[PDB]
Protein chains: 2
Amino acid sequence: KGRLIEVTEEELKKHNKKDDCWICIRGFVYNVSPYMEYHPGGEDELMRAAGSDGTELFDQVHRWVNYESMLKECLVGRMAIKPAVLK
Amino acid sequence: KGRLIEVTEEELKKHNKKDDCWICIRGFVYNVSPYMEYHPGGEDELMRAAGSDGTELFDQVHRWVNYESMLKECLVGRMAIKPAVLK
Ligand code: HEM
Ligand code: HEM
């Protein structure tokens with residue numbers, strides 16, 4: 001139970017510390033704390049997106065990196081949507 | 001004295017509550033708590049950037065709003081930089 005969740009922005013922003021770092025990329029939310037020590041660009045760079053939507057930063061440095069496959073085991077879930085999104 | 005300070009990432013993240021809400025826009029840090037009740041987009045929207053760098057969110061909704069003049073009385077200071085930034 002509880003493998004994949006809906007993530008509100010309020011929830012996402014709680015996870016803004018190195019040891020508890022969530023980032024949203026294209027609506028998918030990942031727990032990148034276990035990846036911190038491996039990121040080729042270093043920890044400080046990854047932390048620029050801590051607790052936030054990292055899509056723009058990600059796209060400005062390496063748009064084609066296969067994050068979905070690399071981070072699959074760290075997938076938290078998906079960002080919540082406003083009902084109007086579905087109009 | 002003490003009107004403008006250097007703001008670290010650690011310090012910025014502490015000011016994440018509605019009554020003590022700091023937002024960084026383009027390196028400038030503002031305590032927006034007094035502005036909460038006036039923001040045309042409402043309080044929830046402004047809270048999306050609480051205790052964080054709000055530049056991307058700000059630019060996604062109203063790039064041209066004159067925040068420097070509007071929020072001048074709320075200016076905390078500037079984000080810290082690493083020495084390497086000055087190379
Ligand atoms: C969202 C904030 C991120 C920032 C600011 C960032 C920044 C960087 C930077 C500066 C580099 C070195 C690029 C260069 O010197 O050309 C890099 C490399 C790399 N990063 Fe990130 N990164 C972010 C997120 C991620 C994430 C989430 C992943 C993994 C899913 C990732 C995987 C990689 C990979 C695979 C490389 C090496 C690409 C190559 O071999 O050329 N990055 N990153
Ligand atoms: C922190 C400094 C900010 C200032 C000084 C500011 C100022 C303003 C102003 C002047 C408007 C009305 C613009 C108009 O007349 O067309 C507005 C609306 C709005 N604001 Fe902000 N804002 C700030 C931050 C933010 C942030 C960070 C967000 C998003 C997280 C946001 C979300 C919105 C939204 C959604 C609207 C209504 C936009 C629309 O319906 O087109 N604001 N704000």
# chains A, B, ... in the order shown; residues from 1 in each chain; ligands from 1
>>> residues_around(residues="residue 51 in chain B", least_positions_apart="5", cutoff="12 Å", atoms="only C-alpha atoms", output="VMD selection string")
(chain A and resid 10 13 to 14 16 50 to 52) or (chain B and resid 7 to 25 29 to 33 46)
>>> write_last_selection(atoms="N, CA, C and O atoms", output="compact mmCIF listing (two decimals), in the first residue's frame")
# COMPACT_ATOMS: atom_id res chain seq x y z
N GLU A 10 2.25 22.13 -1.29
CA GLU A 10 2.53 22.30 0.13
C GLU A 10 3.33 21.11 0.68
O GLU A 10 4.28 21.28 1.45
N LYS A 13 7.08 21.08 -0.82
CA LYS A 13 8.01 22.05 -0.26
C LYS A 13 8.55 21.68 1.12
O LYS A 13 9.57 22.23 1.53
N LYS A 14 7.92 20.73 1.81
CA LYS A 14 8.46 20.24 3.08
C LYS A 14 9.76 19.47 2.89
O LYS A 14 10.57 19.32 3.81
N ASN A 16 12.74 19.78 1.40
CA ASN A 16 13.65 20.76 0.79
C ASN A 16 15.02 20.74 1.45
O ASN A 16 15.74 21.74 1.40
N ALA A 50 15.53 21.70 -4.68
CA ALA A 50 14.98 20.99 -3.53
C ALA A 50 13.58 21.49 -3.17
O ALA A 50 13.36 22.70 -3.05
N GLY A 51 12.64 20.57 -3.01
CA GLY A 51 11.31 20.93 -2.61
C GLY A 51 10.56 21.72 -3.65
O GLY A 51 9.66 22.49 -3.30
N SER A 52 10.89 21.56 -4.93
CA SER A 52 10.32 22.41 -5.97
C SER A 52 10.17 21.66 -7.27
O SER A 52 10.64 20.53 -7.44
N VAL B 7 21.60 36.64 3.11
CA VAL B 7 20.67 35.56 3.38
C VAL B 7 21.23 34.24 2.84
O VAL B 7 21.46 34.10 1.63
N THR B 8 21.45 33.28 3.72
CA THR B 8 21.85 31.96 3.30
C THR B 8 20.64 31.14 2.91
O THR B 8 19.51 31.44 3.28
N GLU B 9 20.89 30.07 2.17
CA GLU B 9 19.82 29.14 1.81
C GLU B 9 19.16 28.59 3.09
O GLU B 9 17.93 28.47 3.17
N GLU B 10 19.97 28.28 4.10
CA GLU B 10 19.47 27.75 5.37
C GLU B 10 18.54 28.73 6.05
O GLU B 10 17.47 28.37 6.55
N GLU B 11 18.93 29.99 6.06
CA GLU B 11 18.10 31.01 6.67
C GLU B 11 16.80 31.25 5.91
O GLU B 11 15.73 31.34 6.50
N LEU B 12 16.89 31.32 4.58
CA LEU B 12 15.71 31.58 3.76
C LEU B 12 14.63 30.53 4.05
O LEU B 12 13.46 30.86 4.18
N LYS B 13 15.03 29.26 4.15
CA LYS B 13 14.08 28.17 4.30
C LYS B 13 13.33 28.20 5.60
O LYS B 13 12.25 27.65 5.69
N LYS B 14 13.86 28.88 6.60
CA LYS B 14 13.18 28.99 7.88
C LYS B 14 11.97 29.88 7.82
O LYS B 14 11.08 29.78 8.65
N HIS B 15 11.94 30.81 6.87
CA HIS B 15 10.89 31.82 6.85
C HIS B 15 9.85 31.36 5.84
O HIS B 15 9.72 31.91 4.76
N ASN B 16 9.11 30.32 6.24
CA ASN B 16 8.19 29.62 5.36
C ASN B 16 6.75 29.64 5.83
O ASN B 16 5.93 28.89 5.34
N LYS B 17 6.43 30.50 6.79
CA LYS B 17 5.10 30.57 7.36
C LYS B 17 4.45 31.86 6.90
O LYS B 17 5.13 32.84 6.61
N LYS B 18 3.13 31.88 6.85
CA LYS B 18 2.44 33.05 6.36
C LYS B 18 2.80 34.34 7.09
O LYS B 18 2.95 35.38 6.45
N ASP B 19 2.98 34.27 8.41
CA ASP B 19 3.31 35.45 9.19
C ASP B 19 4.80 35.77 9.23
O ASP B 19 5.20 36.76 9.83
N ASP B 20 5.62 34.94 8.57
CA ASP B 20 7.06 35.15 8.51
C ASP B 20 7.54 34.49 7.24
O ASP B 20 8.13 33.39 7.25
N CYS B 21 7.23 35.15 6.12
CA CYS B 21 7.38 34.55 4.80
C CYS B 21 8.39 35.30 3.99
O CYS B 21 8.14 36.44 3.62
N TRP B 22 9.54 34.68 3.73
CA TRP B 22 10.56 35.30 2.88
C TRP B 22 10.54 34.59 1.53
O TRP B 22 10.41 33.38 1.45
N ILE B 23 10.69 35.39 0.47
CA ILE B 23 10.78 34.89 -0.90
C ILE B 23 11.97 35.57 -1.56
O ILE B 23 12.16 36.77 -1.42
N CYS B 24 12.76 34.78 -2.28
CA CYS B 24 13.84 35.34 -3.09
C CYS B 24 13.38 35.48 -4.53
O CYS B 24 12.86 34.55 -5.12
N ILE B 25 13.56 36.67 -5.09
CA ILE B 25 13.29 36.91 -6.52
C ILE B 25 14.55 37.52 -7.12
O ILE B 25 15.00 38.61 -6.72
N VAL B 29 15.86 39.23 -1.52
CA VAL B 29 15.00 38.55 -0.56
C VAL B 29 14.05 39.53 0.07
O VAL B 29 14.48 40.57 0.57
N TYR B 30 12.76 39.19 0.05
CA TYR B 30 11.71 40.04 0.62
C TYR B 30 10.92 39.29 1.67
O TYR B 30 10.59 38.11 1.48
N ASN B 31 10.60 40.00 2.75
CA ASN B 31 9.62 39.48 3.69
C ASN B 31 8.25 39.98 3.21
O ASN B 31 7.87 41.15 3.35
N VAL B 32 7.52 39.05 2.60
CA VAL B 32 6.25 39.38 1.99
C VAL B 32 5.06 39.24 2.92
O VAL B 32 3.93 39.44 2.50
N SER B 33 5.28 38.93 4.20
CA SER B 33 4.15 38.80 5.10
C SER B 33 3.23 40.02 5.10
O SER B 33 2.02 39.81 5.07
N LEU B 46 0.92 33.26 -3.30
CA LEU B 46 2.17 33.77 -2.80
C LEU B 46 2.88 32.71 -1.93
O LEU B 46 4.10 32.55 -2.00
>>> select_by_dssp(residues="range 6-65 of chain B", states="alpha helix (DSSP H)", output="NGL selection string")
:B and (9-14 or 43-47 or 55-62)
>>> write_last_selection(atoms="C-alpha atoms", output="PDB file, in the first residue's frame")
ATOM      1  CA  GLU B   9      19.816  29.142   1.808  1.00  0.00           C
ATOM      2  CA  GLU B  10      19.475  27.745   5.371  1.00  0.00           C
ATOM      3  CA  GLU B  11      18.099  31.005   6.675  1.00  0.00           C
ATOM      4  CA  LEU B  12      15.713  31.579   3.757  1.00  0.00           C
ATOM      5  CA  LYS B  13      14.080  28.174   4.297  1.00  0.00           C
ATOM      6  CA  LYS B  14      13.183  28.988   7.883  1.00  0.00           C
ATOM      7  CA  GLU B  43      -2.372  34.421  -0.315  1.00  0.00           C
ATOM      8  CA  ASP B  44      -2.238  30.747  -1.340  1.00  0.00           C
ATOM      9  CA  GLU B  45      -0.441  31.715  -4.557  1.00  0.00           C
ATOM     10  CA  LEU B  46       2.166  33.774  -2.802  1.00  0.00           C
ATOM     11  CA  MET B  47       2.689  30.890  -0.277  1.00  0.00           C
ATOM     12  CA  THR B  55      11.819  33.620  -9.452  1.00  0.00           C
ATOM     13  CA  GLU B  56      10.534  30.889 -11.714  1.00  0.00           C
ATOM     14  CA  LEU B  57       7.009  31.012 -10.318  1.00  0.00           C
ATOM     15  CA  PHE B  58       7.032  34.824 -10.528  1.00  0.00           C
ATOM     16  CA  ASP B  59       8.197  34.732 -14.152  1.00  0.00           C
ATOM     17  CA  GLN B  60       5.554  32.036 -15.027  1.00  0.00           C
ATOM     18  CA  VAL B  61       2.715  34.405 -14.003  1.00  0.00           C
ATOM     19  CA  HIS B  62       3.865  38.044 -14.309  1.00  0.00           C
TER      20      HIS B  62
END
>>> calpha_fit_and_write(fixed="chain A", moving="chain B", output="PDB file with C-alpha atoms, in the first residue's frame")
ATOM      1  CA  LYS B   1       0.520  -0.187  -0.594  1.00  0.00           C
ATOM      2  CA  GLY B   2       1.287   3.527  -0.383  1.00  0.00           C
ATOM      3  CA  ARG B   3       3.972   3.361  -3.066  1.00  0.00           C
ATOM      4  CA  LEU B   4       2.617   6.236  -5.190  1.00  0.00           C
ATOM      5  CA  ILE B   5       0.891   9.304  -3.855  1.00  0.00           C
ATOM      6  CA  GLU B   6      -0.648  12.607  -4.904  1.00  0.00           C
ATOM      7  CA  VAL B   7       1.811  15.405  -4.017  1.00  0.00           C
ATOM      8  CA  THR B   8       0.479  18.863  -3.229  1.00  0.00           C
ATOM      9  CA  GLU B   9       2.532  22.015  -3.634  1.00  0.00           C
ATOM     10  CA  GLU B  10       2.425  22.355   0.192  1.00  0.00           C
ATOM     11  CA  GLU B  11       3.801  18.879   0.686  1.00  0.00           C
ATOM     12  CA  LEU B  12       6.509  19.185  -1.979  1.00  0.00           C
ATOM     13  CA  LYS B  13       7.918  22.321  -0.328  1.00  0.00           C
ATOM     14  CA  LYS B  14       8.462  20.541   2.968  1.00  0.00           C
ATOM     15  CA  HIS B  15      10.983  18.152   1.460  1.00  0.00           C
ATOM     16  CA  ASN B  16      13.724  20.715   0.961  1.00  0.00           C
ATOM     17  CA  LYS B  17      16.620  19.280   2.963  1.00  0.00           C
ATOM     18  CA  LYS B  18      19.483  17.222   1.627  1.00  0.00           C
ATOM     19  CA  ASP B  19      18.426  14.108   3.554  1.00  0.00           C
ATOM     20  CA  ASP B  20      14.761  14.538   2.559  1.00  0.00           C
ATOM     21  CA  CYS B  21      14.812  16.155  -0.848  1.00  0.00           C
ATOM     22  CA  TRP B  22      11.889  15.936  -3.256  1.00  0.00           C
ATOM     23  CA  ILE B  23      12.060  17.388  -6.771  1.00  0.00           C
ATOM     24  CA  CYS B  24       9.277  17.535  -9.337  1.00  0.00           C
ATOM     25  CA  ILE B  25      10.259  17.002 -12.985  1.00  0.00           C
ATOM     26  CA  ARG B  26       7.465  17.220 -15.582  1.00  0.00           C
ATOM     27  CA  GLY B  27       4.851  16.438 -12.896  1.00  0.00           C
ATOM     28  CA  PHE B  28       6.693  13.384 -11.505  1.00  0.00           C
ATOM     29  CA  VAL B  29       7.996  13.721  -7.956  1.00  0.00           C
ATOM     30  CA  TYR B  30      11.207  12.007  -6.866  1.00  0.00           C
ATOM     31  CA  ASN B  31      12.932  11.713  -3.542  1.00  0.00           C
ATOM     32  CA  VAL B  32      16.456  12.329  -4.746  1.00  0.00           C
ATOM     33  CA  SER B  33      18.175  12.035  -1.374  1.00  0.00           C
ATOM     34  CA  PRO B  34      19.669   8.610  -2.245  1.00  0.00           C
ATOM     35  CA  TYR B  35      20.927  10.044  -5.561  1.00  0.00           C
ATOM     36  CA  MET B  36      22.695  13.038  -3.974  1.00  0.00           C
ATOM     37  CA  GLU B  37      25.997  11.259  -3.629  1.00  0.00           C
ATOM     38  CA  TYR B  38      25.958  10.021  -7.234  1.00  0.00           C
ATOM     39  CA  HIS B  39      24.751  13.021  -9.258  1.00  0.00           C
ATOM     40  CA  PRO B  40      27.518  13.893 -11.716  1.00  0.00           C
ATOM     41  CA  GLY B  41      26.822  17.621 -11.356  1.00  0.00           C
ATOM     42  CA  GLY B  42      27.261  17.372  -7.589  1.00  0.00           C
ATOM     43  CA  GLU B  43      25.038  17.855  -4.563  1.00  0.00           C
ATOM     44  CA  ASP B  44      24.846  21.667  -4.531  1.00  0.00           C
ATOM     45  CA  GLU B  45      23.450  21.620  -8.076  1.00  0.00           C
ATOM     46  CA  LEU B  46      20.767  19.115  -7.278  1.00  0.00           C
ATOM     47  CA  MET B  47      19.846  21.162  -4.128  1.00  0.00           C
ATOM     48  CA  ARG B  48      19.035  24.104  -6.378  1.00  0.00           C
ATOM     49  CA  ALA B  49      15.752  22.298  -7.109  1.00  0.00           C
ATOM     50  CA  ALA B  50      15.100  21.007  -3.571  1.00  0.00           C
ATOM     51  CA  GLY B  51      11.461  21.055  -2.570  1.00  0.00           C
ATOM     52  CA  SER B  52      10.431  22.544  -5.896  1.00  0.00           C
ATOM     53  CA  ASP B  53       9.640  22.038  -9.516  1.00  0.00           C
ATOM     54  CA  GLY B  54      13.007  21.414 -11.072  1.00  0.00           C
ATOM     55  CA  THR B  55      11.885  21.004 -14.692  1.00  0.00           C
ATOM     56  CA  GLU B  56      13.279  24.280 -15.939  1.00  0.00           C
ATOM     57  CA  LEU B  57      16.635  23.816 -14.235  1.00  0.00           C
ATOM     58  CA  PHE B  58      16.810  20.218 -15.500  1.00  0.00           C
ATOM     59  CA  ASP B  59      16.036  21.313 -19.064  1.00  0.00           C
ATOM     60  CA  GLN B  60      18.632  24.182 -18.842  1.00  0.00           C
ATOM     61  CA  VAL B  61      21.451  21.659 -18.197  1.00  0.00           C
ATOM     62  CA  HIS B  62      20.508  18.239 -19.636  1.00  0.00           C
ATOM     63  CA  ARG B  63      17.100  17.953 -21.305  1.00  0.00           C
ATOM     64  CA  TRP B  64      17.710  14.433 -22.503  1.00  0.00           C
ATOM     65  CA  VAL B  65      18.899  12.703 -19.308  1.00  0.00           C
ATOM     66  CA  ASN B  66      16.731   9.600 -18.664  1.00  0.00           C
ATOM     67  CA  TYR B  67      15.536  10.546 -15.202  1.00  0.00           C
ATOM     68  CA  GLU B  68      12.415   8.306 -15.296  1.00  0.00           C
ATOM     69  CA  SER B  69      14.485   5.156 -15.622  1.00  0.00           C
ATOM     70  CA  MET B  70      17.382   6.316 -13.424  1.00  0.00           C
ATOM     71  CA  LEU B  71      15.144   7.439 -10.541  1.00  0.00           C
ATOM     72  CA  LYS B  72      12.400   4.807 -10.804  1.00  0.00           C
ATOM     73  CA  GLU B  73      13.085   3.449  -7.283  1.00  0.00           C
ATOM     74  CA  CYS B  74      12.777   7.017  -5.922  1.00  0.00           C
ATOM     75  CA  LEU B  75       9.389   7.877  -7.489  1.00  0.00           C
ATOM     76  CA  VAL B  76       7.052   9.399  -4.896  1.00  0.00           C
ATOM     77  CA  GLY B  77       4.101  10.076  -7.180  1.00  0.00           C
ATOM     78  CA  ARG B  78       2.551  12.860  -9.196  1.00  0.00           C
ATOM     79  CA  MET B  79       1.749  16.494  -8.549  1.00  0.00           C
ATOM     80  CA  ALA B  80      -1.868  17.335  -7.707  1.00  0.00           C
ATOM     81  CA  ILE B  81      -3.931  19.135 -10.337  1.00  0.00           C
ATOM     82  CA  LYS B  82      -6.956  21.446 -10.192  1.00  0.00           C
ATOM     83  CA  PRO B  83     -10.163  20.030 -11.714  1.00  0.00           C
ATOM     84  CA  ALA B  84     -10.077  22.791 -14.344  1.00  0.00           C
ATOM     85  CA  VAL B  85      -6.917  21.254 -15.848  1.00  0.00           C
ATOM     86  CA  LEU B  86      -9.145  18.445 -17.236  1.00  0.00           C
ATOM     87  CA  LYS B  87     -11.535  20.727 -19.188  1.00  0.00           C
TER      88      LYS B  87
END
>>> select_by_dssp(residues="range 3-78 of chain B", states="strand (DSSP E or B)", output="tab-separated table (two decimals) with N, CA and C atoms, in the first residue's frame")
chain	number	residue	atom	x	y	z
B	5	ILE	N	20.82	42.43	4.94
B	5	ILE	CA	21.65	41.32	5.36
B	5	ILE	C	21.96	40.36	4.21
B	6	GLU	N	22.96	39.53	4.43
B	6	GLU	CA	23.25	38.38	3.59
B	6	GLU	C	22.34	37.24	4.04
B	7	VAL	N	21.60	36.64	3.11
B	7	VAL	CA	20.67	35.56	3.38
B	7	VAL	C	21.23	34.24	2.84
B	16	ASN	N	9.11	30.32	6.24
B	16	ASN	CA	8.19	29.62	5.36
B	16	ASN	C	6.75	29.64	5.83
B	17	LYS	N	6.43	30.50	6.79
B	17	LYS	CA	5.10	30.57	7.36
B	17	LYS	C	4.45	31.86	6.90
B	20	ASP	N	5.62	34.94	8.57
B	20	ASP	CA	7.06	35.15	8.51
B	20	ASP	C	7.54	34.49	7.24
B	21	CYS	N	7.23	35.15	6.12
B	21	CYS	CA	7.38	34.55	4.80
B	21	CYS	C	8.39	35.30	3.99
B	22	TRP	N	9.54	34.68	3.73
B	22	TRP	CA	10.56	35.30	2.88
B	22	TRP	C	10.54	34.59	1.53
B	23	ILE	N	10.69	35.39	0.47
B	23	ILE	CA	10.78	34.89	-0.90
B	23	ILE	C	11.97	35.57	-1.56
B	24	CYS	N	12.76	34.78	-2.28
B	24	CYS	CA	13.84	35.34	-3.09
B	24	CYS	C	13.38	35.48	-4.53
B	25	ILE	N	13.56	36.67	-5.09
B	25	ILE	CA	13.29	36.91	-6.52
B	25	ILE	C	14.55	37.52	-7.12
B	28	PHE	N	17.18	38.85	-4.72
B	28	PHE	CA	16.71	39.80	-3.71
B	28	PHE	C	15.70	39.08	-2.82
B	29	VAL	N	15.86	39.23	-1.52
B	29	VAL	CA	15.00	38.55	-0.56
B	29	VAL	C	14.05	39.53	0.07
B	30	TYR	N	12.76	39.19	0.05
B	30	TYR	CA	11.71	40.04	0.62
B	30	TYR	C	10.92	39.29	1.67
B	31	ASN	N	10.60	40.00	2.75
B	31	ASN	CA	9.62	39.48	3.69
B	31	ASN	C	8.25	39.98	3.21
B	52	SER	N	11.60	30.18	-0.17
B	52	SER	CA	12.22	29.63	-1.34
B	52	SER	C	12.54	30.69	-2.36
B	53	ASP	N	13.22	30.26	-3.41
B	53	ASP	CA	13.44	31.08	-4.57
B	53	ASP	C	12.18	31.04	-5.43
B	75	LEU	N	12.37	44.65	1.81
B	75	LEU	CA	13.65	44.09	1.38
B	75	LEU	C	14.49	43.69	2.59
B	76	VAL	N	14.82	42.41	2.63
B	76	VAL	CA	15.65	41.80	3.68
B	76	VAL	C	17.13	41.97	3.33
B	77	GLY	N	17.45	41.71	2.06
B	77	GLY	CA	18.83	41.65	1.63
B	77	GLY	C	18.99	40.82	0.39
B	78	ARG	N	20.16	40.21	0.27
B	78	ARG	CA	20.57	39.47	-0.92
B	78	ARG	C	21.00	38.07	-0.54
